[PDB]
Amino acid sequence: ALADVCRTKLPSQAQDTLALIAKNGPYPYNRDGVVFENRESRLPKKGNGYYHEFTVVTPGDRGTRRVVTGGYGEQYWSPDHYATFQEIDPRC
């Protein structure tokens, strides 16, 4: 019971990040690709190192917008530094 969001409906910058992830970078930030530990269990509970985070650029500081990836290619959107998540639907 996480909400879905269509990939094509995400901010352009979020879609940019999904494209860089698919290309394995090079990434704009040093912390791109760091483990996300899911300490609040907002994403499905998995083993250590399952999730990683990547910055979604904000025009005008690094900012709060992120994509989180899972180990089998799951993709999640969070505009607010992991306060909230939506599962990215790659089909729309």
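Numbering starts at 1 and follows the sequence shown.
- According to the PDB entry, the deposited sequence contains 1 to 3 residues between residue 60 and residue 61 that lack coordinates.
- Of the two stretches examined, 5-13 and 66-74, the record assigns the greater average C-alpha temperature factor to 5-13.
- Among the modelled residues of its chain, residue 55 has a C-alpha B-factor that falls in the lowest third, as given in the PDB entry.
- Among all modelled residues in its chain, residue 42 ranks in the middle third by Cα B-factor.
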